[PDB]
Each structure stands twice: as structure tokens, then as C-alpha cells.
Amino acid sequence: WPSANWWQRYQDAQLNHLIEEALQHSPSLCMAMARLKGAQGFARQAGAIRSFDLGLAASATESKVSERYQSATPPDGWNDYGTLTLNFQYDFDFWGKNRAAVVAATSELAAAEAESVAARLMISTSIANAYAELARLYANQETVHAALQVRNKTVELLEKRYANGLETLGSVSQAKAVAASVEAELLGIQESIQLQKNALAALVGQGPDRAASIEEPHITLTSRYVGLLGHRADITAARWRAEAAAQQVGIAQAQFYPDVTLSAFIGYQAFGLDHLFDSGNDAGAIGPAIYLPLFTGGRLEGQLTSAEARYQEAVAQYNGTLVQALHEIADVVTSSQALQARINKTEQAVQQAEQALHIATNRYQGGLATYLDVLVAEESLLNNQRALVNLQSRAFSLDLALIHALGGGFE
Amino acid sequence: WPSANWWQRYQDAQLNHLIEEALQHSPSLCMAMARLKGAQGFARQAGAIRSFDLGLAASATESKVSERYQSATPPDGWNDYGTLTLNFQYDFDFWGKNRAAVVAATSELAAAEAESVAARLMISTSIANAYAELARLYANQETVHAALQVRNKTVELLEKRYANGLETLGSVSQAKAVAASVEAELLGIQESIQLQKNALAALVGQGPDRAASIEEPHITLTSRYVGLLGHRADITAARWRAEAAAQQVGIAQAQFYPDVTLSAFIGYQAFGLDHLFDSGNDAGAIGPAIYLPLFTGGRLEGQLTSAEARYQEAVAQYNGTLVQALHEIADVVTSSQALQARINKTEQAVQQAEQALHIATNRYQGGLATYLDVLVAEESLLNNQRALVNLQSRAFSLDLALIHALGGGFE
Amino acid sequence: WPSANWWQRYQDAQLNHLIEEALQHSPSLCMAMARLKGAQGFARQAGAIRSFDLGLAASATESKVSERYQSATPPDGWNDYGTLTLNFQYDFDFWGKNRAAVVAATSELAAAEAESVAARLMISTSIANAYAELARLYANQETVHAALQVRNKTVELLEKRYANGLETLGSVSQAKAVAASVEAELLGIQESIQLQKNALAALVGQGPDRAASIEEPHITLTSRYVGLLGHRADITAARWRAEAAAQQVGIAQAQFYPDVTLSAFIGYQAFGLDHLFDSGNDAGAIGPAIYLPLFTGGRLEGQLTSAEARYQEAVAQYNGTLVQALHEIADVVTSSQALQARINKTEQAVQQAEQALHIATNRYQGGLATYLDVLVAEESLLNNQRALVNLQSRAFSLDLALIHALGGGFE
Ligand SMILES: CCCCCCCCO[C@H]1O[C@H](CO)[C@@H](O)[C@H](O)[C@H]1O
Ligand SMILES: CCCCCCCCO[C@H]1O[C@H](CO)[C@@H](O)[C@H](O)[C@H]1O
Ligand SMILES: CCCCCCCCO[C@H]1O[C@H](CO)[C@@H](O)[C@H](O)[C@H]1O
Ligand SMILES: [Hg+2]
Ligand SMILES: [Hg+2]
Ligand SMILES: [Hg+2]
Ligand SMILES: [Hg+2]
Ligand SMILES: [Hg+2]
Ligand SMILES: [Hg+2]
């Protein structure tokens, strides 16, 4: 199914180059890279909760103690003190709170990894879809330009006839109005082409000088040959975020249980900075502490409610993502299955209108039909030719819609 | 005005069932439920600030004191100590800071309650609007299919005539081009119908198998029979959020004032863990503390500026919501008042075009008018019939727009 | 180039008044003001990190000390204690962490200042663009109303003719269908005009009574006469945010280095509240402390990774903004350069169609051409006249697009 570099299947080295440029260096690329690195840093920070912490502390203080407060034998006046210690703290994690925190953070990272794939897909498909439109525009340009050549040929026939007393000025004027209108349409298409090149340049992270070297597409379209949702990075990301939320419910539950910590220090403390290192002025301690909240008035309880709510939200978000992915795939299937008959009937309208015009103009070049018959046929032909070109372009768009709906093929 | 289950007024048990399904269980539903529960948990957490807090603390420590630091008679060497205490803390709230915090949180909850109603409205109206489009599509299907039957009948008349030397091949070819084009339009409509069923399935939280049982709508539209803004949950929510912001200004102001707290503990402390419970090794304390910031270099001041700014923003947000609600209601009124005359003139175009076609085809079936007169009339008729069906559908859309603009009728 | 009050160049005091109203008082205005004040408050709060902090603390405690814990000569029973102190804290900032924090906050403020300019631009251009559409609608109203007068004149000619046996009922019916359709189009345009007035009222922060005094625009369009990006407030804001992020990388780096603080207090502490102020019960201290983290298990490291990621994101965001601004300017140039030829060819279609109609109707008023020739010409004329009016309106839209792309002229 969809390749990793799936755009290569269209055999357009243009398209290949545009996507390749965007995926090597472009702002959308860099932002996606950055957002993944962010999640990596966040995961790293979270994992620290399961380590011990070590720090060095030192102080020098000039202090005067109250004479009648907490010491029966306080030193007199202002004296200097110093300390210099190595300090240690470790949280025991008896209920798994901190482990759950790390699982939540790593689940977020897994979601971030999936989102980086989704970002690659969003870049490549945004370019391919813009390219599809460029191709559609160039097709409409060819169709309208060819019609213009004909409209001009009709004016000049009708003018030669009018000159020889074989046609009216009304017909001539109408034909000139038709030709001017078709040319106006062509100019609009040509503007759109250039606008679309500008957009492609921006999509690949470049200024508008990149647009100057964009040429007519040459796309080769080949027919291809619930279980279909496993390459959807959005579903994967939402899965992992629902896992992270579940873990956060666990954290909130574990906050009701005793927290057991271990602290320690070792170093020197002295009355007199010049005595900091004297024999006997070492100090140290180690021991566990436990804290058990007994009544918080709603803090622990409310936090648990909020964590449950976030889990429920995340599950609903996952469900929504599944529903939306199935909708997207269902639509691609619907439209893909409808396309051939649409094209078929529109081809038939083109061909019958082309016959109509051929007969109308033969008859005109021989004085049996009016100019009006020609105008009506010309208009019907052009309208159907444009409809056809747009449906042919739709085949490419639908192939791209399938690739998007399947989530690409990054692997 | 708008009922609680307002969609029932259209007398389409289909529509009723789709909305009912979505409101019983669907991802959009669940996310809305979850976001309300979240606000409930947040409110619960906030209310804790006005309670006292109670906790149990215990520790066992092996400690060596410096010989010449803070004790004139320090114990020698490394000794074991233990503590086990019940701890209590209460913030007095003399300036109402904490009360304002709870008012802010409960105001947010009231806003969240209003937003849950808005979410129900967004679900039901999104479904009804998608349904409106489904109905419009089925109407265009009937209109275009009926026209197709006629186009085919015209081909086969013109072919019988051409066969008998009474018509040209040009006419025949044009008529076939017209019929193929009308059929191509029909196929496009039929695709849209299926796409719209897919969308309805997704809107009610279901996979695309739900779409398979969606049938043609049968909507019954009945005419109905600043003060009109009280069912707007968005205005209510913004109201309450502006209240919450106002309270937060109060909090920021109160941070300049003295904070008075009460702390207490009771328990046991001992040199020697085996002596933890000995007579005389109980320890306890109670008392108030007061802290008054005297200079913070911009922390309190900046926090007040930020809180005032948030209030101003929230008031502007409320004002914007009022303006937008009035715009929405004004537009519904504008369009509702315009609709009948639009329909009237478009009905007149339909009927006159239908007469034109009838005369053109009678005249054709008797050799007085061209095929061209028939083509022009057929085209004019179909264009006007589609315009009419779209305006008739607009009546339903406008009724739904009114319900949305009034904020529904949940009560 | 673009003035500060650039809309004045269109010489429409209407437009001037609408924009002026919105910029004096409107919800969008107020929200923008509020968001700037917020950033000001945040900057103020951040700057506090470089000041010292002063506070007053007092306590009164009833306390019972354990007999055999930490004092060899503990007081007996429950006794009262009091304290009353002035407390001082100052962070030294040897590595520039706190300075970087303030630079980051002031850079955010500079970005907020730029965004307030962008908000002014978004307000004025949203109004001008809505006004452009209002003008376009009024032009289409004039064009369609004038065509309607003609369509009605054609019905009544064809009816007088049909009455005298000189025309068919088919022609009459077709002409009536055409007129009804043109009137239906007019009614739709008139609805749109009123909807557009409603939108303008909302855009200037007013209820729908403001819409009642909005009249036909009278815009005067005058031709004007990478380096072009310096008035883009979005680029400026993104610049400053990338600076703020860079500083935050510095903060994260500086967190690995020793933190040196200074603390002090002075006051009174006493056993016996009635002795709080007794000679010798003063207490005080001053001194520096240093903390150096030695191992944090990923906290410092992960924070640095996250800060680098945010910098990278912000740089990419800046780059994206540059690319998007260049795209916007490139499009304005593309479309501006295309416009004249589009208008020219469309003017030619109008004029030739107008000749066609004139000849068709002269010939009709003299029995040489059919009604059909008239219908075809009338339709072609109207279609081209509307296309022209829309292209003329486009000239105004493009001028506004240029002003937007250049970022206005606030100075
Ligand atoms: C990473 C280094 C950790 C060890 C720090 C040990 C600090 C205290 O250590 C010391 O202090 C005394 C007072 O001078 C001496 O009497 C000692 O012999 C000595 O062990
Ligand atoms: C919720 C329980 C709160 C009460 C805890 C009281 C702890 C201290 O209580 C005690 O400690 C002493 C030392 O053993 C005794 O001499 C006592 O008679 C006793 O009151
Ligand atoms: C802003 C005011 C700062 C100064 C506070 C000084 C508090 C301690 O000050 C004092 O305490 C004693 C005990 O009564 C006396 O013996 C003193 O003479 C006196 O200096
Ligand atoms: Hg990057
Ligand atoms: Hg990069
Ligand atoms: Hg739920
Ligand atoms: Hg649910
Ligand atoms: Hg404001
Ligand atoms: Hg304001």
C-alpha cells in the first residue's frame, strides 16, 4: 500500500524534488522536529522523579541569638557561623505514584513521536495537494487556450462573411464578446497558476524565487491493486495520550497514600568560620520521613475528579479520532467508487458536444445553420471539457486522499 | 419558542433518532461531559483553600551534631531520633482573598455548566444542519433525475425524427450531450448524498455502517408564530468568566495585605526511638503567624496589573459575545424576512419556464420551432427548479439558524 | 507607502467613521489593549526577580518541648513565645540567570507591543475588506437592477407583439421566466447587502442598529506610485519571541551553576510574649548561602533540552512568518500585475456583448431576428457586466491586500 516516499509513485521528479526540499529543511519541518525534541526533554525531566538528588550547600552567617528565647546558654552578641554540606534526597515510591508519572511522560513522548510522523504526512500531502491543483490549473489552461484559438478562428470567419454580406454584425459582435470572455477566463487561470506556484514555494519553505522554476506537472497515475487504521499516527497518538491520562488517575489515587522519603546530609557546621573544619565539627544525618494527608478539604479529592475527567476526555478524544478516521476512509471509498461513472458520462457529453459543434460549423461553413447553433455548441463543448479535466484531476486528488486517510506509509 | 428537544418539531423520526443517539453516547458528548466534570474537580480543589488541613508526619533519623556549632552541650556521636506528629494548618482569610478564590472557581464552574449546554446545542444543530443538507441533496436528486427522464425522451424523439429526415444530426448530438451532462450531474449529486450520509454517521459517533441505514428525510416545516438573548449559554459563560476575573483582581489586591495563618501540631519526639512514647516526650504547639510583604520589586504590583488586564479582557470577551449574538440574530431575521419574496420570484421563473418548455416542445412535436428553443427552455427550467429547491431547503436552514441564534431551549 | 490612517486615502468618510469607531471603543480593540496590559504586568512581575524582597513576620506560639529530644535543659510544660522580624532576601545572579529572565520577559513585552499593532491592522483591514464587499454588492445591485428594467421592457414589447399576432406565447413565457429570475437575483443581492451591513455593524462593536445608517460606499481608488518587510508586526513579534527563547536557553544553562543568595533578618524573639521587647531579646542574622546541584537525574538536563527545543521552534516560527509574509506580498504583486489585462478583456466582452444586444433588439423591433438572439445577447451582456464589476472591486481588494501584506503604516 502507501510507500514511505509514496509521492514517487507519480513519476514526477518535480513533485519529488518539492517534497524532498520541504522534508530536508523548511519551517514546518523544523517546528515538528522541535516539538519532538521538546517532548524528549519533558520525558527526561519526568524520569528524574525516580532518581535520587544530590546537591552541595554552604553558608556563612553573622548571627545574634535572643538571650531568652530557645537557648538557656546562648552565645553573646553577633557571631560568625559557617556550614558546608552534601545533601541527598530520595522519594521511595511505595505506591507507584512516581513510576506512573514516568509512564505518563513516556506515553506522551510516544504520542509526540507519532505526531512527528503525522507532521511529515501533513507536509508531504499539503505539497502534493497543492501540486494536484497546479496540474488541474495547467489542464484548464490548455483547454481554455485551445478553445480561445477556435473562438478567434470563428470571429475571423464571421468577419469575412459579414464583409461579403453573408452574416450580420450582431453575430460578429457576439463572437467577439465570446472570444474576449474566453481570453479573460484564460488570464484568470494564468493568474491562478502563478498564485499556485507562489503557494508551492511557501509550502516548501522558500521565498517566491523558487516559484520561478516551477513548471507544468507531469503526473503518472496508476490504479493501485477498521483493520486499515494502523498507519494512522493520529490514532496512535490519541491512544498513548489516553494511556498517559490513565496513569495520571493512578497518580491522583496514590496521593491519598503515605509518602515515604529519605534524606541525608554530611558536612561541617561551626561557630567560627575559621573552625569549620575542626575535629568534631562534622555533622550528618540520615533517615526516612513519612507524610500521610488526613484531611485536605477537597484538594486530593478534587484532583482525583479532575484526573478522572481528563482520562474520560482522552478516551473520548481517541474514540472521536477513530470515528473521524473511519469517516475519512469511507469518503475516499465513496468518491473513488463514484469517479469512473462520472468521468464516463462526462466523456460522453464532451464527445457528443464535439460532434454537435463539428456538424454546426460544417453546416455554417455551408449556409444551413446559424451562428447561434455554433455558439451553443462551442459553449456546451468547453463547459464539458472543463468538467472532464476537473474529474481527471480528481482521480489524482482521490489517490492523495487515500494516502492521507491511511496515514501514509512511514515505516 | 425553541423546545428542549426542539428537533422534534420537524416530525422526522429519523432526525430524532440521529440526534438522540448522539446525545446518549458519542465522542463529542463524552468530551463535553468530561470537560464539565473537570471544572467540578477544579471547583472542589479550589474550595479546599477555605478548609483547614490535617496530616500525619513521622521520621526516624540517625544524626551526629557538630560539637561547636549551635549547642553548648551536644550529644556525642551518631544517635537515633524519632518523631511522630499530627500537623494542622489553617489560613484565616481576613481580607477575603481565599473566599474570592472560591468565588472565582465556582464562577468558572457556572461557566462550564453553560458551556455543557452550548455543547449539547453544537451537537444537535451540527446534526440538524447536516440533515438539512442531506434533504437538499435528495431534492436536487429528484429534480435532476426527473429532468434526466425528459432529456432521454428528447433524444429518442430527435433520433426518430432524424431517422425520418425531419431533424439534423447536430441536434441529435447536442441532445445526447445535454442528457449525458444531466446524468453526470445526477451522479455527482448521488455521490454527495452518500458523502453526506457518511458525515451524519460520524456526527453521531458512529462508523460508516450507520450511514447504510440513513434514508431520505421527511421534514415538516411549520411557521413559528436584545431581550432575546437569555438562552445564549455563550453569553452566560462569558458573564461568569468576567465575574471570575473580577474576583481574581480582588485576590491580587488582597495579596498586598497581611496573611494570617494558624499552625499546630501534637505528637512525640525523642532521642532514642525506643523512647518515642516515654512520659515527657510529647511535644506540641499552636499559634498564629502573620506575614506582610513590604517590598517585592514588582511581583505584587505586576500580578495586580496582569489580573486587571485579564478582567478587562474578559469584559471585552463578554461584550464581543453580545455583539456576535446580536449579529447572528440580526442575520436570521434579515434572511428570514427576505426568503418569501425570493421563493416567490423563483417560483414564477419556474412556472414561466415550464410554460416556455411546454410551448417549445408542442411546437417541436409539430414542426414550427427548432430543437434550440427546446434546449434553451429545458435548461432555463432546470436551473430555476434547482434554485427553487435550494430556497425551499433554505427555509429549513433558517429555522435551524434561529434555534442556534436563540441558543436553543434547554431548560 | 501605507499611511498610519491609510483608509483615509479612499476618500470615503463612511469608511473613515466605521474604522475610527472600531479603533476608539469596540470589543476587539479592548481585548487587544488588555492583552498588551497583560504582557506589561508579566514584565513587571519578571523584573522583580532582580530586586531584593522585604517582609514583616510575626508569630505567637504556645509550645511544649519534648523533655528528651534536642535540648538538655528544656523548659517545662506549655509556654508562650513570640517573634516579630523584618526579613530580607536577595539573589546574587552571578551567572546572569535572572537577568536573562528579565530579558526574556521584556522581549515578550516587545512582541506583545508588536502584536497590539497587528491587532489594530486586523481590525481596520477586516472592516475595509467587509466594506469592499459591501461596495461590490451595491455595484452588482446597480447592474442587476438596470438589467431588470430592461427585462421588464422586453416582456412588455413581446406581449404587445404576441397580442398583435407577431410573436409566440413561448417567447413571452421565456421572457417572463428571464425577468423573474433576474428579479430573484436582485432580491438575493439585496439580502446580501443587508447581511453585509449587519457584519460591518458587528465588526465595529455595535449592535444591528448601527447597520441601519450604513449607506452605499463611495470609494476613490488612486494608483499608488525582502526589504519590504519592516512594517510587519508579525515578523517583529516572532523575532522578539525567538530572542526570549534564546534567553531561556541561557537560563537553563545557568541552572547548572551555583546559586548564591543573601538572607537577613532583624527583630525580636522571646520566651514570654510580655518579654518580646526586653533588652537582649533582639535577634538578627545576615549571610550568603550557595547551592550547587550535583546530580538531579535528568531534571536540569531535560529542562535544557526543552529550552533548546523551544528556541528551535521559535526560530522556525520566525522563518515561517518570513516565508508566509513573502508569499502574501508575492501574491499581491501577482494579482495586481494580472488585473489590468483581465479588466481589459472583460471590458471588451461587455462592449461587444452590448453591441450584440443593440443589434439583436433593433433587428427584433423590425422583424429580422428572433427573441432567442435577444435572450442570448442579454444573458451574455449581464454575465460580462457582473464579471467586470467584480474585477473593478478586485482593484480595491488588492489595494487593501497590499496594505495588509506590508503590515500597514503604524509609526
Ligand atoms: C563527597 C565527600 C563526602 C565526605 C565529606 C565528609 C565531611 C566530614 O568529614 C570529616 O570531618 C571531620 C571534622 O574535620 C573530621 O574529624 C573527619 O575525620 C572527617 O571524616
Ligand atoms: C489524634 C490523636 C491526637 C493525640 C496525640 C497525643 C500524643 C501525645 O500524648 C501523650 O504523650 C505522652 C508521652 O507518652 C504522655 O505522657 C501522655 O499522657 C499523652 O497525652
Ligand atoms: C525597620 C526597623 C528595623 C529595626 C528593628 C530593630 C529591632 C531590634 O532592636 C532593638 O532590640 C532590643 C531589644 O529590645 C534593644 O536592646 C535595642 O536597643 C534595639 O536596637
Ligand atoms: Hg528544527
Ligand atoms: Hg531543522
Ligand atoms: Hg464522558
Ligand atoms: Hg460518555
Ligand atoms: Hg480594554
Ligand atoms: Hg477599551
# chains A, B, ... in the order shown; residues from 1 in each chain; ligands from 1
$ interface_residues --of "chain B" --to "chain C" --cutoff "7 Å" --atoms "only C-alpha atoms" --output "number ranges by chain"
B: 269-271, 280-299, 302-303, 305-306, 309-310, 312-313, 316-317, 319-320, 323-324, 326-327, 330-331, 334-335, 338, 342, 345-346, 348-350, 352-353, 355-356, 359-360
$ residues_around --residues "residue 394 in chain A" --least-positions-apart "2" --cutoff "12 Å" --atoms "only C-alpha atoms" --output "PDB file with C-alpha atoms, in the first residue's frame"
ATOM      1  CA  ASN A 129      -2.496  18.560  -2.917  1.00  0.00           C
ATOM      2  CA  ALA A 132      -2.685  18.483  -7.803  1.00  0.00           C
ATOM      3  CA  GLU A 133      -4.277  21.870  -8.061  1.00  0.00           C
ATOM      4  CA  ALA A 135      -1.866  20.305 -12.551  1.00  0.00           C
ATOM      5  CA  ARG A 136      -5.602  20.936 -12.694  1.00  0.00           C
ATOM      6  CA  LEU A 221      -1.498   7.931 -12.220  1.00  0.00           C
ATOM      7  CA  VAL A 332     -12.360   8.187  -0.110  1.00  0.00           C
ATOM      8  CA  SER A 335     -15.739   9.042  -4.038  1.00  0.00           C
ATOM      9  CA  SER A 336     -13.284   6.596  -5.596  1.00  0.00           C
ATOM     10  CA  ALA A 338     -18.243   7.072  -7.923  1.00  0.00           C
ATOM     11  CA  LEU A 339     -15.484   8.563 -10.046  1.00  0.00           C
ATOM     12  CA  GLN A 340     -15.390   6.280 -13.090  1.00  0.00           C
ATOM     13  CA  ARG A 342     -18.830  10.445 -13.532  1.00  0.00           C
ATOM     14  CA  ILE A 343     -15.859  10.552 -15.887  1.00  0.00           C
ATOM     15  CA  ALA A 387     -15.744  19.384 -16.240  1.00  0.00           C
ATOM     16  CA  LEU A 388     -13.833  16.443 -17.640  1.00  0.00           C
ATOM     17  CA  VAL A 389     -10.390  17.877 -16.905  1.00  0.00           C
ATOM     18  CA  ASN A 390     -11.550  18.623 -13.358  1.00  0.00           C
ATOM     19  CA  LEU A 391     -12.757  14.974 -12.904  1.00  0.00           C
ATOM     20  CA  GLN A 392      -9.484  13.621 -14.294  1.00  0.00           C
ATOM     21  CA  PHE A 396      -5.162  12.257  -8.571  1.00  0.00           C
ATOM     22  CA  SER A 397      -6.756  14.089  -5.634  1.00  0.00           C
ATOM     23  CA  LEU A 398      -8.559  10.945  -4.537  1.00  0.00           C
ATOM     24  CA  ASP A 399      -5.379   8.920  -4.690  1.00  0.00           C
ATOM     25  CA  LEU A 400      -3.800  11.505  -2.432  1.00  0.00           C
ATOM     26  CA  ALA A 401      -6.889  11.466  -0.175  1.00  0.00           C
TER      27      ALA A 401
END
$ residues_around --residues "residue 250 in chain B" --least-positions-apart "2" --cutoff "12 Å" --atoms "only C-alpha atoms" --output "JSON list (two decimals) with N, CA, C and O atoms, in the first residue's frame"
[["chain", "number", "residue", "atom", "x", "y", "z"],
["B", 95, "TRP", "N", -8.82, 39.21, 54.74],
["B", 95, "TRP", "CA", -9.15, 40.12, 53.66],
["B", 95, "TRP", "C", -10.02, 39.52, 52.57],
["B", 95, "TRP", "O", -10.32, 40.17, 51.56],
["B", 96, "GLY", "N", -10.41, 38.25, 52.72],
["B", 96, "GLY", "CA", -11.28, 37.66, 51.75],
["B", 96, "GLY", "C", -10.63, 37.12, 50.49],
["B", 96, "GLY", "O", -11.34, 36.80, 49.58],
["B", 97, "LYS", "N", -9.31, 37.09, 50.45],
["B", 97, "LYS", "CA", -8.56, 36.51, 49.33],
["B", 97, "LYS", "C", -9.02, 35.11, 48.97],
["B", 97, "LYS", "O", -9.21, 34.78, 47.79],
["B", 98, "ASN", "N", -9.12, 34.25, 49.99],
["B", 98, "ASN", "CA", -9.41, 32.85, 49.73],
["B", 98, "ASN", "C", -10.88, 32.67, 49.36],
["B", 98, "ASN", "O", -11.23, 31.91, 48.48],
["B", 99, "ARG", "N", -11.76, 33.40, 50.02],
["B", 99, "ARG", "CA", -13.12, 33.40, 49.59],
["B", 99, "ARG", "C", -13.22, 33.81, 48.11],
["B", 99, "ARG", "O", -13.95, 33.21, 47.34],
["B", 100, "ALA", "N", -12.48, 34.86, 47.69],
["B", 100, "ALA", "CA", -12.56, 35.30, 46.32],
["B", 100, "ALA", "C", -12.09, 34.23, 45.37],
["B", 100, "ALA", "O", -12.60, 34.07, 44.26],
["B", 101, "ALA", "N", -11.14, 33.45, 45.82],
["B", 101, "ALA", "CA", -10.61, 32.33, 45.03],
["B", 101, "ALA", "C", -11.69, 31.31, 44.81],
["B", 101, "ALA", "O", -11.87, 30.81, 43.69],
["B", 102, "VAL", "N", -12.46, 31.04, 45.85],
["B", 102, "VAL", "CA", -13.54, 30.08, 45.68],
["B", 102, "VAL", "C", -14.66, 30.63, 44.83],
["B", 102, "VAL", "O", -15.15, 29.92, 43.98],
["B", 103, "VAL", "N", -15.01, 31.90, 44.98],
["B", 103, "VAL", "CA", -15.98, 32.52, 44.09],
["B", 103, "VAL", "C", -15.58, 32.50, 42.61],
["B", 103, "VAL", "O", -16.40, 32.23, 41.74],
["B", 104, "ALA", "N", -14.30, 32.71, 42.37],
["B", 104, "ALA", "CA", -13.76, 32.63, 41.03],
["B", 104, "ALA", "C", -13.89, 31.23, 40.49],
["B", 104, "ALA", "O", -14.36, 31.04, 39.39],
["B", 243, "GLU", "N", -17.03, 37.65, 35.86],
["B", 243, "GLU", "CA", -17.08, 37.57, 37.32],
["B", 243, "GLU", "C", -15.86, 36.93, 37.99],
["B", 243, "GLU", "O", -15.36, 37.45, 38.96],
["B", 244, "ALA", "N", -15.40, 35.80, 37.45],
["B", 244, "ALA", "CA", -14.25, 35.08, 37.96],
["B", 244, "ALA", "C", -13.01, 35.97, 37.89],
["B", 244, "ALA", "O", -12.30, 36.13, 38.90],
["B", 245, "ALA", "N", -12.85, 36.64, 36.75],
["B", 245, "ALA", "CA", -11.74, 37.62, 36.56],
["B", 245, "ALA", "C", -11.79, 38.77, 37.55],
["B", 245, "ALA", "O", -10.75, 39.18, 38.05],
["B", 246, "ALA", "N", -12.97, 39.32, 37.82],
["B", 246, "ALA", "CA", -13.16, 40.37, 38.79],
["B", 246, "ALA", "C", -12.68, 39.92, 40.16],
["B", 246, "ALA", "O", -12.00, 40.64, 40.86],
["B", 247, "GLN", "N", -13.04, 38.70, 40.55],
["B", 247, "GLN", "CA", -12.63, 38.13, 41.82],
["B", 247, "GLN", "C", -11.11, 37.99, 41.89],
["B", 247, "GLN", "O", -10.51, 38.19, 42.95],
["B", 248, "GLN", "N", -10.51, 37.60, 40.77],
["B", 248, "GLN", "CA", -9.05, 37.47, 40.68],
["B", 248, "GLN", "C", -8.33, 38.83, 40.85],
["B", 248, "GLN", "O", -7.20, 38.87, 41.35],
["B", 252, "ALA", "N", -5.63, 39.66, 43.85],
["B", 252, "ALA", "CA", -4.34, 40.35, 43.63],
["B", 252, "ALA", "C", -4.20, 41.56, 44.55],
["B", 252, "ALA", "O", -3.12, 41.86, 45.09],
["B", 253, "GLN", "N", -5.30, 42.26, 44.73],
["B", 253, "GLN", "CA", -5.32, 43.34, 45.70],
["B", 253, "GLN", "C", -5.05, 42.87, 47.13],
["B", 253, "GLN", "O", -4.30, 43.50, 47.87],
["B", 254, "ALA", "N", -5.66, 41.72, 47.52],
["B", 254, "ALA", "CA", -5.54, 41.22, 48.86],
["B", 254, "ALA", "C", -4.15, 40.69, 49.19],
["B", 254, "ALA", "O", -3.79, 40.61, 50.35],
["B", 255, "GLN", "N", -3.38, 40.39, 48.17],
["B", 255, "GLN", "CA", -2.00, 39.94, 48.35],
["B", 255, "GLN", "C", -1.08, 41.01, 48.92],
["B", 255, "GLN", "O", -0.02, 40.70, 49.44],
["B", 256, "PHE", "N", -1.48, 42.27, 48.83],
["B", 256, "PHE", "CA", -0.75, 43.34, 49.48],
["B", 256, "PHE", "C", -0.94, 43.40, 51.00],
["B", 256, "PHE", "O", -0.12, 44.01, 51.71],
["B", 257, "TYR", "N", -1.97, 42.73, 51.51],
["B", 257, "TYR", "CA", -2.35, 42.77, 52.90],
["B", 257, "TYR", "C", -1.75, 41.60, 53.69],
["B", 257, "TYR", "O", -1.27, 40.64, 53.08],
["B", 303, "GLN", "N", 1.41, 41.45, 39.31],
["B", 303, "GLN", "CA", 0.34, 40.46, 39.41],
["B", 303, "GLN", "C", -1.01, 41.14, 39.37],
["B", 303, "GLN", "O", -1.93, 40.66, 38.68],
["B", 304, "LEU", "N", -1.09, 42.29, 40.04],
["B", 304, "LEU", "CA", -2.31, 43.10, 40.02],
["B", 304, "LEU", "C", -2.56, 43.64, 38.61],
["B", 304, "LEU", "O", -3.65, 43.52, 38.10],
["B", 305, "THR", "N", -1.55, 44.21, 37.95],
["B", 305, "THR", "CA", -1.72, 44.62, 36.58],
["B", 305, "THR", "C", -2.21, 43.48, 35.66],
["B", 305, "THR", "O", -3.10, 43.68, 34.86],
["B", 307, "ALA", "N", -3.84, 40.83, 36.55],
["B", 307, "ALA", "CA", -5.20, 40.43, 36.94],
["B", 307, "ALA", "C", -6.18, 41.49, 36.38],
["B", 307, "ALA", "O", -7.22, 41.15, 35.85],
["B", 308, "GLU", "N", -5.84, 42.77, 36.44],
["B", 308, "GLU", "CA", -6.73, 43.80, 35.88],
["B", 308, "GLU", "C", -6.89, 43.59, 34.40],
["B", 308, "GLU", "O", -7.97, 43.70, 33.89],
["B", 311, "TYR", "N", -9.25, 40.81, 33.67],
["B", 311, "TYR", "CA", -10.63, 41.30, 33.84],
["B", 311, "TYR", "C", -11.12, 42.08, 32.65],
["B", 311, "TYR", "O", -12.22, 41.88, 32.15]]
$ select_by_dssp --residues "range 56-276 of chain B" --states "alpha helix (DSSP H)" --output "PyMOL selection string"
chain B and resi 97-163+169-203+233-254
$ atom_distance --atom1 "CA of residue 91 in chain A" --atom2 "CA of residue 263 in chain A"
8.7 Å
$ atom_distance --atom1 "CA of residue 214 in chain C" --atom2 "CA of residue 145 in chain C"
20.0 Å
$ atom_distance --atom1 "atom 1 (Hg, counted along the ligand's line) of ligand 8" --atom2 "CA of residue 25 in chain C"
8.2 Å
$ residues_around --residues "residue 117 in chain B" --least-positions-apart "6" --cutoff "12 Å" --atoms "only C-alpha atoms" --output "NGL selection string"
:B and (4 or 23 or 29 or 32-33 or 35-36 or 110-111 or 123-124 or 231-237 or 404 or 407-411)
$ select_by_dssp --residues "range 23-163 of chain B" --states "strand (DSSP E)" --output "number ranges by chain"
B: 53-64, 78-91
$ residues_around --residues "residue 143 in chain A" --least-positions-apart "6" --cutoff "8 Å" --atoms "only C-alpha atoms" --output "VMD selection string"
chain A and resid 382 385 to 386
$ write_last_selection --atoms "N, CA and C atoms" --output "PDB file, in the first residue's frame"
ATOM      1  N   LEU A 382     -16.931  23.425 -24.402  1.00  0.00           N
ATOM      2  CA  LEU A 382     -15.996  23.960 -23.452  1.00  0.00           C
ATOM      3  C   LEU A 382     -16.409  23.647 -22.010  1.00  0.00           C
ATOM      4  N   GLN A 385     -15.644  19.977 -21.425  1.00  0.00           N
ATOM      5  CA  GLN A 385     -14.226  19.724 -21.437  1.00  0.00           C
ATOM      6  C   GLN A 385     -13.605  20.135 -20.116  1.00  0.00           C
ATOM      7  N   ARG A 386     -14.028  21.270 -19.570  1.00  0.00           N
ATOM      8  CA  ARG A 386     -13.504  21.690 -18.288  1.00  0.00           C
ATOM      9  C   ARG A 386     -13.947  20.754 -17.177  1.00  0.00           C
TER      10      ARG A 386
END
